[PDB]
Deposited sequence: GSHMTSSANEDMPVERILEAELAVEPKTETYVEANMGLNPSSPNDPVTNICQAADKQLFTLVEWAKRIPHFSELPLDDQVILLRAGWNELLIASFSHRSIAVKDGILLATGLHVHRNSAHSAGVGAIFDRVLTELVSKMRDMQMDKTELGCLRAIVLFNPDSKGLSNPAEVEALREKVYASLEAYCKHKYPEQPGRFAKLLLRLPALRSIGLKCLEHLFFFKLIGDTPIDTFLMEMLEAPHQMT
């Protein structure tokens, strides 16, 4: 089984600007590992596959988390360090475009639909169990777990928001945006690493290593 209550529990258990964002990201990578261990069946996968899923998903997973954390923030994001970062600050640091995509495609859409923590948890678990991740010893097994998450999520939405028949599809359709922003985020991080002005801490650095 894949009970949405366990997924919610996982979320609840873990609850210039470029430098601050990068520092916050490094910090949250530790927390991400703890989150993943709390998702049903993840820790039962082979260690090598747990590594692959987390290396494949970490940036989307962190982006989804700070985006949902920021739904009551006007034109900004709330980092896990407690720091609010506004649009103007990101623009003045040369990362306005990517920052605005986060705000318009993720944060404001999460706000508009009042995406809840169960739904966020499920989307994150779907991202985690990515069966397209290269090198998985058993892709079908990860595919099975993803299928169980989205079954439970659809059941949850239909029970909790029966007057919103499109809500489930609406949730899933933020995933392409999440993927694209995740990819653009990586491009920036690789550049910061290349230029070498911004400090990149050890876990974030490791995520930027070749496989």
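In this chain the deposited sequence has gaps in the coordinates at 1 to 10, 26 to 44, 241 to 244, listed in sequence order.
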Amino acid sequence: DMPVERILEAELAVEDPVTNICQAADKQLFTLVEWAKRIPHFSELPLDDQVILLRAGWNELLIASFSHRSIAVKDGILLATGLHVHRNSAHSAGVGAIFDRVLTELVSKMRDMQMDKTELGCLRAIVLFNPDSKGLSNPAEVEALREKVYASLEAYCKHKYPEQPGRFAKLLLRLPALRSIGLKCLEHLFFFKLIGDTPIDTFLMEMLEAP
From here on, numbers count along this sequence of modelled residues.
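Higher average CA B factor: 5 to 13, of the stretches 184 to 192 and 5 to 13. Taking the mean C-alpha B-factor of each stretch as recorded, 124 to 132 and 107 to 115 are not equal, and the higher mean is that of 107 to 115. Per the deposited record, the Cα B-factor of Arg101 falls in the lowest third when ranked against the other modelled residues of its chain.
Among the modelled residues of the chain, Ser152 sits in the middle third by CA temperature factor in this PDB entry. When the modelled residues of the chain are ordered by their C-alpha B factor, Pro40 lands in the middle third. Sort the modelled residues of the chain by CA B factor and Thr31 lands in the middle third. Among the modelled residues of its chain, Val95 has a C-alpha B-factor that falls in the lowest third according to the deposited record.
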